[PDB]
Amino acid sequence: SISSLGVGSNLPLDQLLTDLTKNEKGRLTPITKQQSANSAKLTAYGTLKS
Amino acid sequence: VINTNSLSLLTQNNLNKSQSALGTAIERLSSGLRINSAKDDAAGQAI
Amino acid sequence: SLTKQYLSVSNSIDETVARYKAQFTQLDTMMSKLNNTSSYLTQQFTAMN
Amino acid sequence: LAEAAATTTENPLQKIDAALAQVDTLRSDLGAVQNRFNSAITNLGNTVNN
Amino acid sequence: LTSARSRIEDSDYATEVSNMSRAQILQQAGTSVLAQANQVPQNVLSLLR
Amino acid sequence: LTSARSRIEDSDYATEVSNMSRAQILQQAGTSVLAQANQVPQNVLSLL
């Protein structure tokens, strides 16, 4: 459920964790680039067929 | 009487009890979970 | 293949985030005791004076 | 050294699929061992705390 | 089933916060009285001298 | 390679924060203790 990290240590742990979560997902970007490129190629193939 | 501070001892024990309770509360609060070890609830973990 | 890799990476990232969260929880628990400790030392030795 | 092509190779698809199968086998094994390592590091963390 | 598991597991925010507050109050009081009780003997004894 | 270098090189926020806290507690203690230690021979002479 909901959590309130930092209750005891009164630290910025919560912001820190959010930044970590944002940072790690960076590994996804190359996959997204390749997916988009291949999708564009497929769409171009359809265009040619028309 | 010099050789022993009974009041100090009692206060120490009460402080230990209070700190125990505080830790119990804080861990649950932070995790958001009522169960964090086998001690909290025997049947809860199984179910 | 790209989709498979995407799912794998998602799983790994979620696990790593959860691990960091557990570490942070453990840290938060101890900080309470240590702060109480510092405060008590302050009061005690200030009173000794 | 790899000798020259005596003739046209028989059943090329068979060999292509055999190589692909071996490659996918290795990919799967290396994927699983990573999860093994994940479990191991989690164990180490918990034991460290205790 | 997810609902049932969540209701068996998830802690209650209200109760947790409520108990936490009282615990902290007791903790502060404990430290203070501890130091006070240390000092009280000290002075009785030295004054008797 | 970037990930590998990061893992080999970076430090753990949690462990280091804990160490800092413990060391601060030790510093407070030791300071007070040295004060009292100096005070003790002082009262020895005083009672002299």
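Provided above is the structure to which this section pertains.
Anyway, here's the lowdown on the structure attached to this text.

### Topic: the nonpolar core
- Counting residues in hydrophobic clusters, the biggest one holds six residues: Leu22, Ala25, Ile26 and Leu29 of chain B together with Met20 and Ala23 of chain E.
- If you list the elements that add at least two residues to this core, you get α1 (6–31) of chain B together with α2 (13–48) of chain E.
- Ranked by residues supplied to this core, first place goes to α1 of chain B with four residues.

### Focus on the arrangement of the chains
- Comparison of the nine pairs of chains in contact shows the highest number of contacts for chains B and E.
- One finds no contact between chain E and chain F; the C-alpha atoms of the two approach each other to within 12 Å at their closest.

### Points about the interface of chain E and chain B
- Between chain E and chain B, the contact holds 19 residues from the first and 21 residues from the second.
- Where chain E abuts chain B, roughly 1,700 Å² becomes buried across the two surfaces, and 71% of that area is made up of carbon and sulfur atoms.
- Counting the surface chain E buries against chain B, the share from its top three residues, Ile8, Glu16 and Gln27 of chain E, is 29%.
- Between chain E and chain B we count one salt bridge in total.
- In this structure, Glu16 of chain E engages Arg28 of chain B in a salt bridge whose closest nitrogen and oxygen atoms are separated by 3.8 Å.

### Things to note about the packing of aromatic side chains
- Using the criterion set out here, one finds one aromatic pair over all chains in the structure.
- Judged by centre distance (6.4 Å) and plane angle (55°), the ring pair of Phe24 of chain C and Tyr13 of chain F falls under tilted. Residue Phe24 of chain C is located in helix α1 (residues 2–48), and its partner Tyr13 of chain F is located in helix α2 (residues 13–47); the two belong to separate chains.
- Among the residues examined, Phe24 of chain C registers a relative accessible area of 5% and is labelled buried.

The rules behind each value
- Residues numbered from 1 in each chain as written, not as in the entry; some residues may be left out.
- Chains lettered and ligands numbered in written order.
- Part of a larger assembly, values for the part shown.
- Heavy atoms only, no water.
- Core = buried A, V, L, I, M, F, W, Y, C linked by side-chain atoms within 4.5 Å.
- Buried < 20%, exposed > 50% of the residue type's maximum accessible area, 1.4 Å probe, protein only.
- Helix = DSSP H or I, 4+ residues; strand = E, 2+ residues; numbered from the N terminus.
- Contact = heavy atoms within 4.5 Å.
- Buried area = accessible area lost by both parts, 1.4 Å probe.
- Salt bridge = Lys/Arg side-chain N within 4 Å of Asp/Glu carboxyl O.
- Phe/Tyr/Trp six-rings, centres within 6.5 Å; stacked < 30°, edge-to-face > 60°.

Bear in mind that shape data such as this cannot, by itself, settle questions of function.
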